[PDB]
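Chemist: This structure is in structure tokens; I'll ask about it shortly.
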Amino acid sequence: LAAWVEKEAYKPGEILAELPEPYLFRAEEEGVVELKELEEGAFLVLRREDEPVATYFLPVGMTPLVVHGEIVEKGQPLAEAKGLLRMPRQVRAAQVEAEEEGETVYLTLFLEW
């Protein structure tokens with residue numbers, strides 16, 4: 001839902017988007033990695049190639065994997081996006097600009113922690 005969901009006029013680590021149910025459909029390629037806990041989620045990495053594959057921001061609204069992740073591969077980011085999707089109270093927020101592919105938008109933020 002591209003039309004005004006997250007607010008730029010917000011405090012560092014608060015609330016984001018409106019009822020994003022149920023986003024899961026497609027995210028390319030995955031592997032297995034050891035547990036690396038955080039504040040709200042984990043530090044999932046596809047440690048598979050030297051040059052980065054995916055920068056894993058595990059949002060407040062996701063289920064981090066333990067040893068699983070080798071049965072579908074093509075588009076398996078287990079657990080949907082439902083409700084609020086909050087933000088840990090330390091990481092900052094900076095800038096947004098939209099893309100063209102179908103129905104969704106790409107976002108970037110600077111994680112100062």
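Ordering of the structure tokens sets the chain letters (A, B, ...); residue numbers start at 1 within each chain; ligands are numbered from 1 in the order shown.
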List the neighbours of segment 5-12 of chain A out to 8 Å using only C-alpha atoms; skip same-chain residues closer than 2 positions along the sequence, and give me the result as a VMD selection string.
Modeler: chain A and resid 1 to 3 14 to 18 89 to 93 95
Chemist: Which residues are near segment 66-74 of chain A? Cut-off 6 Å, only C-alpha atoms, ignore same chain within fewer than 6 positions. Put them as an NGL selection string.
Modeler: :A and (28-32)
Chemist: Determine, counting only C-alpha atoms, which protein, DNA and RNA residues have an atom within 9 Å of an atom of residue 43 of chain A; residues of the same chain fewer than 6 positions away are not included. Present the result as a list in words.
Modeler: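 Listing them by chain and then by number gives residues 35, 36, 37, 56, 57, 58 and 64 of chain A.
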Chemist: Excluding residue 20 of chain A and any residue of its chain fewer than 4 positions from it, enumerate the residues within 7 Å of it, using only C-alpha atoms, and give them as a list in words.
Modeler: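 Listing them by chain and then by number gives residues 81, 82 and 83 of chain A.
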Chemist: Go ahead and write the selection's residues with N, CA and C atoms as a PDB file, in the first residue's frame.
Modeler:
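In the end it all went to out.pdb:
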```pdb
ATOM      1  N   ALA A  81       3.475  -9.755   7.162  1.00  0.00           N
ATOM      2  CA  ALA A  81       3.512  -8.421   7.754  1.00  0.00           C
ATOM      3  C   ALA A  81       2.091  -7.990   8.119  1.00  0.00           C
ATOM      4  N   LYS A  82       1.806  -7.960   9.420  1.00  0.00           N
ATOM      5  CA  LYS A  82       0.460  -7.681   9.925  1.00  0.00           C
ATOM      6  C   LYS A  82       0.497  -6.635  11.038  1.00  0.00           C
ATOM      7  N   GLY A  83      -0.454  -5.705  11.008  1.00  0.00           N
ATOM      8  CA  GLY A  83      -0.659  -4.768  12.117  1.00  0.00           C
ATOM      9  C   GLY A  83       0.123  -3.466  12.083  1.00  0.00           C
TER      10      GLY A  83
END
```
Chemist: Would you mind telling me which residue in A:77, A:52, A:22, A:88 lies nearest to residue 113 of chain A when using only C-alpha atoms?
Modeler: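 For residue 113 of chain A, the nearest of the candidates is A:88.
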Chemist: Residues near residue 94 of chain A, anyone? I mean within 9 Å using only C-alpha atoms, not counting same-chain ones fewer than 4 positions away, as an MDAnalysis selection string.
Modeler: chainID A and resid 8 108:110
Chemist: Could you tell me how far atom CA of residue 111 of chain A sits from atom CA of residue 44 of chain A, in Å to one decimal place?
Modeler: 15.4 Å
Chemist: Please return as an NGL selection string: the residues of segment 6-113 of chain A that backbone DSSP assigns to strand (DSSP E or B).
Modeler: :A and (28 or 37 or 42 or 60 or 75 or 86 or 96 or 107)
Chemist: Just checking: using only C-alpha atoms, which residue out of A:79, A:87, A:107, A:98 ends up closest to residue 24 of chain A?
Modeler: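 Of all the options, A:79 lies closest to residue 24 of chain A.
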Chemist: Hey, can you check how far atom CA of residue 41 of chain A sits from atom CA of residue 78 of chain A?
Modeler: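 For atom CA of residue 41 of chain A relative to atom CA of residue 78 of chain A, the distance reads 12.6 Å.
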